[PDB]
There are 2 protein chains.
Amino acid sequence: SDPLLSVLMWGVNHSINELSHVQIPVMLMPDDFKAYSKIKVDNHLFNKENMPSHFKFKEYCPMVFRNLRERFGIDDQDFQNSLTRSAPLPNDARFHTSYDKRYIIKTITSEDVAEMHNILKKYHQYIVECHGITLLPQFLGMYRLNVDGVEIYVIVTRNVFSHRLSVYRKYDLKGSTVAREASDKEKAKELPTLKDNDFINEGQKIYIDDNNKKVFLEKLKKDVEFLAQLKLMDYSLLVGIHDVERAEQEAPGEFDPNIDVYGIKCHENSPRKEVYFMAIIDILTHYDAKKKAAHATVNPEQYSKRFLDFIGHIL
Amino acid sequence: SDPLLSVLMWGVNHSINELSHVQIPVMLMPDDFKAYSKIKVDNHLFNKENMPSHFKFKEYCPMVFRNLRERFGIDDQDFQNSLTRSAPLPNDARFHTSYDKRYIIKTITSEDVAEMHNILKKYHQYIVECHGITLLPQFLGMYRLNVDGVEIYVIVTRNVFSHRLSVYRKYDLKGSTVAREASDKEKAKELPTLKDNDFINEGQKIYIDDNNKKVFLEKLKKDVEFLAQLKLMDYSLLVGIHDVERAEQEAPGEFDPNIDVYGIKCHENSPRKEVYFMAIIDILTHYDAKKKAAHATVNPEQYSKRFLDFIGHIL
C-alpha cells in the first residue's frame, strides 16, 4: 500500500539477511559507530506490483544495532519476521506498530538522526553497564528511506505496551511545573493519552508492592541521571494499565516478562486485577520544532530532579 | 577470493530471491525484453570480510531468463543453490563452472551483450517453438558486475558436458574449408580441445544408432537454419566422449537425461561403452576481436550448409 512502508520491509529483510552471513564478535570497534550500509535499486520495466521502481535504503551502524538487539534479548530472525511477514499498521510525527505489536516504528527528523549518532556510543555503553535492564527506549535499528522525491528517517524501538494484553488507560508523565492536561478534544479520543493533571485530578494509583516499587525507582534514578548527563530533557514516563476484568468482559491475565519487559503485576490487595507497563519515551531534543514553538526556564539537571520527584510521589 | 565472483554469487542470490516474490505469468510482454534490475551497494566501514565494499550488479531482462530457465526444466532454487552454495571454479575469454558442474559462466563483451539483446526475442520464440528441445546454448541469465574500477559482463549457460560423467576426449567442429587443427602446444594440454582435422586424421567415429542419429541431425538442421536466419556464424559443435571403462579404471555408466540433456548413449555394437555429449556452442559474432584478427570468404548461409554437410559425414 504505502511505498515507503514497502521499502522499509524490503530493507529490514535485506539488512537482516546480510548480517546473518557476517561473523558477530563480542565487541564493537569505534568504526562500527561510524558505519552504514547503502542500497540503491533501479528497476526498469520490472517488478512494478510489489515495489516502487526507484528507491534507496540506508542502514545506520548495522553492527551496533545488531549488538543492541541481542543485548535486549531479541533474535534477528524474530525481528525480521515481526517486521516483514506482514505490513506494519499505522495509527493517526507518524508511528507504526509491527503487525504482531512487538515493535514500534517512529518517523524522525534528520536532526534526530544526527543526535542519535551523537549519543549512540554512550548509550551502548550504558546498556552494557546495566546489562540491558533499563527503562530507556530500546533502540533496535535506524534507517533512511527514499522513494522518488521523498526522504524519511525511521527508528525502531521495542513496544512499551504488551503484544497480547490490551491497554485501557494511558498516561504520559513529565512532572513539569507548567500545567499538563489532555485537551477536552483529546480527553475524548478513542484510547486517549492523559497527562500530569489527569493523573493528580483523577487520583490514579499504581498498586505495585514495595519491592517492585524500589527496583523500579532505582532503575529510573540511574536512567534519568544518564539522560541528564547527556543534556537531554523533555522525556516522559509512559504508563499503560491493563484491566484483566475488562479484557475478560470484552495465562488468564499473566504475561511473558521476556516479551513484555516493561510489565509489572499489581500486588495482592489491589482493588482490581491490573498489569502496568511503564517506561521512558521520547528522549531526543528535536530542536527544529521546539524552535518552531519559540519563533511563532528549566535545564536538563532541573528536569531530571523534577521528573524524579514527581514519579516518586505518584507510586 | 575473486571479488567479481563474490558479487556474481551475491547478485544471483539477490536476483532469484526477488523473483520468488513476483507472480510469474505464462507469457512475456514486449517490455520484458527491454527490462533490467540494477543494484548499487555502498558499505562504509562494514562487512569487509565477505564482500567488496562498493559494487554494482545489473540483471538483464530478468523475466525472460526466468521464463527460459523454466522452459529448460531448471528450477530457480536449484539454479540459485548451484551458483551460490559454493564458489564457481575457473579453468585457464575466461570461463567458470558452477561448483556442482551443472552450469557454465562465461565472460563476454559489451558487444556480445548488445547482440544478445538483439536476438533475445527471436531466440525465445525459437525455444517456444521447439519446446526447449534444441542443440543451441541454453541461455540462463545475463549480468553486469562492477567492483571499483572493473566492469564485466557474464552469461550463464547449461553445461554441455555431464555433471557426473567425466569427459576424456573433446572436439570442437566447424566443418570449415580452411584447415583446423589443435596446436602441437594444444594437442598436449591436460584435457585438450581437438578440431576438424584431429577428427578426420584420427578417424574418430561416433557409435549412435540410426534413430538417435536421425533425431539429432533433424534438431541440428532446424537449429542451424535458425542461426543462419539471424545472420550468425562461426559456431561450433562441441563433442565430448565419456569412456565408461576408463572412468571405472580410475547407474554404472548411465546418466540422467533431465540433468545431462545433451547425452546420447552408444549403440549395442559399439567397440567400447561410450556416452556422447554434443551441442552447438559460441553463437555470437564478437566482431571486436574478429576485426582485431583482420587489422593485425564464407557468409552465414554458406557456413550453415558447410557446417551441416560436415556433421552429416562424421556421424
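A brief structural summary.

Points about the overall build of chain A
Scanning chain A for helices and strands turns up nine helices and eleven strands. Taking 2.2 N^0.38 as the reference for a compact globule, 315 residues should give roughly 20 Å; the C-alpha atoms of chain A span a radius of gyration of 20 Å, in line with that estimate. Over its C-alpha atoms, taken along the principal directions, chain A stretches across nearly 65 × 45 × 45 Å.

Regarding the pairing of strand β9 (residues 236-243) of chain B
Residues and elements named next belong to chain B. Here five bridges tie strand β8 (residues 169-173) to β9, and the two strands are oriented antiparallel to one another. From the neighbouring strand, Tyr171 faces β9, where its bridge partner is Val239. Pairing between β9 and strand β11 (residues 274-281): eight bridges, direction antiparallel. Bridge assignment links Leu237 to a residue of β11, and that residue is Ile280.

Description of the environment of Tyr262 of chain B
Within the secondary structure layout, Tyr262 of chain B lies in the loop between α7 (244-249) and β10 (263-265). Dropping the residues within four chain positions of it, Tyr262 of chain B is found in contact with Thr134, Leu135, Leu136, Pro137, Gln138, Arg158, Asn159, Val160, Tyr276, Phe277, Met278 and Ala279 of chain B.

As for unusual backbone geometry
Residue and element names in this part refer to chain A. Phi at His131 takes a positive value of approximately 55°, unusual for a residue other than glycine. For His131, the position within the fold is in the loop between α4 (110-129) and β6 (139-147). Backbone geometry at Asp234 places phi at a positive 75°, although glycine is not the residue there. Locating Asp234 in the fold gives a position in the loop between α6 (210-229) and β9 (236-243).

Brief notes about the interface of chain B and chain A
Each partner contributes residues to the interface: chain B has 25 residues there, and chain A has 25 residues. At the level of elements, α1 (3-21), β1 (36-44) and α2 (62-71) of chain B are the ones that each hand at least two residues to the side of chain B that touches chain A. Looking at the side of chain B that touches chain A residue by residue, the classes come out as eleven nonpolar, seven polar and seven charged. Here strand β1 (residues 36-44) of chain A runs beside β1 of chain B; their pairing, made up of nine bridges, is antiparallel. Residue pairing for β1 of chain B: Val41 of chain A is matched across the bridge by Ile39 of chain B.

What about the relation of the copies chain B and chain A?
Screw-axis analysis of chain B against chain A gives a translation of 0.0 Å along the axis, an RMSD of 0.0 Å, and a rotation angle of 180°. Considering both components of the superposition, the chain copies are consistent with a two-fold axis. The C-alpha atom lying nearest the rotation axis in chain B is that of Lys40 of chain B; the distance is 2.6 Å. Here 100% of the contact residues of chain B are again contact residues in chain A; the copies associate through an equivalent surface.

Let's talk about the environment of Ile119 of chain B
Residues and elements named next belong to chain B. Turning to its location among the elements, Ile119 is positioned in helix α4 (residues 110-129). Along the chain, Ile119 and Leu230 lie 111 residues apart, while their C-alpha atoms are 7.4 Å from each other. Not counting residues within four places of it along the chain, the set of residues in contact with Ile119 comprises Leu230, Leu232 and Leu284.

Quick look at the pattern of salt bridges
Residues and elements named next belong to chain A. Between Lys40 and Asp42 there is a salt bridge; the shortest N-O distance is 2.8 Å. Across the pair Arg169 and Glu202 runs a salt bridge whose closest N-O atoms are separated by 3.5 Å. One end of the pair, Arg169, is in strand β8 (residues 169-173); the other, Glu202, is in the loop between α5 (196-201) and α6, and 33 residues separate them in sequence. Taken together, the salt bridges that share partners define one network made up of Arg66, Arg69, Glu70 and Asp76.

As for the sheet that holds strand β10 (residues 263-265) of chain A
All names here are of chain A. The antiparallel open sheet is built from four strands, whose spatial order is β8-β9-β11-β10. Here the strands that pair on one side only, and so sit at the sheet edges, are β8 and β10. Ignoring strand direction, the axes of neighbouring strands in this sheet form an average angle of 20°. Seen against the sheet, α6 touches β9, β10 and β11 (274-281) and runs at an angle of roughly 15° to β11.

Considerations on the packing of aromatic side chains
For the ring pair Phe79 of chain A and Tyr103 of chain A, a centre distance of 5.4 Å and an interplane angle of 65° mean the geometry is edge-to-face. Relative to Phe139 of chain B, the ring of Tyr123 of chain B lies with its centre 5.1 Å away and its plane at 55°, an arrangement referred to as tilted. Pair noted here: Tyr123 of chain B is in helix α4 and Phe139 of chain B is in strand β6 (residues 139-147), with a separation of 16 residues, a long-range link. Following the ring pairs from residue to residue traces out a cluster consisting of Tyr235, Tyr303 and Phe307 of chain A. The ring of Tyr36 of chain B is capped by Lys58 of chain B, whose NZ or CZ atom sits 4.5 Å from the centre of that ring.

Side note on the sheet that holds β8 of chain B
All names here are of chain B. Read from one edge of the open sheet, four strands run β8-β9-β11-β10, paired in antiparallel fashion. The open sheet has two free edges, formed respectively by β8 and β10, since each of these has just one partner strand. Each neighbouring strand pair of the sheet contributes to a mean axis angle of 20°, computed without reference to strand direction. Against the sheet, helix α6 (residues 210-229) makes contact with β9, β10 and β11, and its axis sits at roughly 15° relative to β11, the strand it touches most. Its contacts with the sheet put helix α9 (residues 300-314) on β8 and β9, and the angle it makes with β8 is roughly 145°.

Focus on the environment of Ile105 of chain B
Residue and element names in this part refer to chain B. Within the element layout of this structure, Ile105 appears in strand β5 (residues 103-108). Sequence spacing of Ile105 and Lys222 is 117 residues, and the spatial spacing of their C-alpha atoms is 26 Å. Those residues in contact with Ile105, other than ones at most four positions away along the chain, are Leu8, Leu83, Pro88, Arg94, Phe95, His96, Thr97, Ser98, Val154, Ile155 and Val156.

Analysis parameters
A chain's residues are numbered here from 1, following its sequence as written, a convention that may not match the entry; residues for which no coordinates exist are omitted. Ligands are numbered from 1 and chains lettered from A, in the order in which they are written. The side-chain quantities take in all heavy atoms of the structure and omit both hydrogens and water. Residues with missing side-chain atoms are left out of burial classes, side-chain pairs and their counts. Counting from the N terminus, the helices are DSSP H or I runs at least four residues long and the strands are E runs at least two residues long. Radius of gyration here is computed from C-alpha atoms only, and the compact-globule reference equals 2.2 Å multiplied by the residue count raised to the power 0.38. Between any two strands, pairing holds if DSSP finds at least two bridges. Two residues qualify as a contact provided that any one of their heavy atoms is within 4.5 Å of a heavy atom in the partner residue. Three categories are distinguished: nonpolar for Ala, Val, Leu, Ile, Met, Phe, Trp, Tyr, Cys and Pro, charged for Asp, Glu, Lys and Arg, and polar for the others, with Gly belonging to the last. Their C-alpha atoms serve as the basis for the least-squares superposition of the copies. By convention in these notes, a salt bridge is any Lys or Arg side-chain nitrogen within 4 Å of a carboxyl oxygen on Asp or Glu. Simply put, an axis is a line fit to the C-alpha atoms, just over the touching stretch for a helix, and the angle between two N-to-C directions goes from 0 to 180 degrees. Ring pairs shown here join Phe, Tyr and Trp side chains whose ring centres sit within 6.5 Å, with only the six-membered ring taken for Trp; geometry is labelled stacked below 30 degrees between planes, edge-to-face above 60, and tilted in between. Throughout this description, the term charge over a ring refers to an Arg CZ or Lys NZ atom that lies within 6 Å of the ring centre and within 35 degrees of the ring normal.

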